[PDB]
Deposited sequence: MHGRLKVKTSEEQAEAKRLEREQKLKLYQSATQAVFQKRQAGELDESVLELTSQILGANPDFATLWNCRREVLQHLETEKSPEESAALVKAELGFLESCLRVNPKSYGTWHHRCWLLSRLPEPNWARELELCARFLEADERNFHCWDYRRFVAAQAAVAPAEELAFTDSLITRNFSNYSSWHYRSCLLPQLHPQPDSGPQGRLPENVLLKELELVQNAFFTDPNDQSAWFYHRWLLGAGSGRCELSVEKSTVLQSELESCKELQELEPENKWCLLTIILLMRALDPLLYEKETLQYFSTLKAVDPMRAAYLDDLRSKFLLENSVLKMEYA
């Protein structure tokens, strides 16, 4: 939840005492009302104050839902639609203030899920707005997938939204992640098709040459490297692309010699091409990588040992 602030200081300590009493009396009353079975708009009022400042007070979200449910039975569909539209406005004012609260996002999904005519395009537009403010807001990305499902939005449309998100700025981990789940849906086998993979390789390689410090594209690139054929199954095209990637990373390594991502990728590319043929260079690359990225020396030694082992198995396989 909240964490944290840095460590006239009486008018700050005064106002805190003042807000507590309003919070305290309001909370008191909502509970009194609730125990009294008073499921009315006074509870919606009382809770709107508290939830705006504490959207993690889950029991109050629950109270709202009880009020809303009860009222829906005893109100015309015109009075019910009005209470609903007020609730959408309330939710949005809450999210503008704290866009990372489980409670508020869940209440919105609960709300939208039970509406007779939900306006999903409007909800997707809400997501677009929140994702411009914070393109790593996983609550919002999750709400966006929920909406997309509800509106039976096609993976290709979400794939286009991810492309527009990637070229236009950094903070792309969330967007690459979404692509990793979208692409397999477009090509749905019980390991992406080569043509698609090769295209994704092109797109990710652009990203990490555009910004070599963008870790998200390097992490996605490593998945792409595994998500394919095999080294004695390399097409001339894949072989050529991966070779071209290797030289391009070495070019990068010339420019950014402290860039650990490009070094690790060179090793993984060589593995992907020919473990034994590239054995000496791989070992050379480990020593360099470990000097560049010492916090990871333990990881890197374990990876190298895994690879040395695989190389022993490949040499034994010799006819």
| query | finding |
| --- | --- |
| Where the deposited sequence has no C-alpha coordinates (positions from 1, in order) | 8-12, 196-201 |
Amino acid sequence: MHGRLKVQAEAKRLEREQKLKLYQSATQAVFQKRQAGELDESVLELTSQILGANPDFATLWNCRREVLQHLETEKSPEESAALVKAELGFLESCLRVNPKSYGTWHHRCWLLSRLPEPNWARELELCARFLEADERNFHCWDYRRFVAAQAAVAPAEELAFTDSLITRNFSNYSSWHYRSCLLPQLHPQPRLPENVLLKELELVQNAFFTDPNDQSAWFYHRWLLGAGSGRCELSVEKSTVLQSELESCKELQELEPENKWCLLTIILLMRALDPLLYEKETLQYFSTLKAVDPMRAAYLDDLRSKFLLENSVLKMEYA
From here on, numbers count along this sequence of modelled residues.
{"property": "Per the entry, higher mean C-alpha B factor between 30-38 and 258-266", "result": "30-38"}
{"property": "85-93 set against 112-120, stretch whose average Cα temperature factor tops the other in the entry", "result": "112-120"}
{"property": "Among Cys140, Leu186, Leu246, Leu201 - the residue whose C-alpha B-factor is largest in the record", "result": "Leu186"}
{"property": "Highest-ranked of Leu308, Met295, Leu300, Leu22 once sorted by CA temperature factor in the record", "result": "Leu22"}
{"property": "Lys250 - which third its CA temperature factor falls in, relative to the rest of the chain", "result": "middle"}
{"property": "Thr104 - Cα temperature factor, lowest/middle/highest third of chain", "result": "lowest"}
{"property": "CA B-factor ranking of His221, expressed as a third of its chain", "result": "lowest"}
{"property": "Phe170 - Cα temperature factor, lowest/middle/highest third of chain", "result": "highest"}
{"property": "Modelled-residue ranking by C-alpha temperature factor, third containing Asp134", "result": "lowest"}
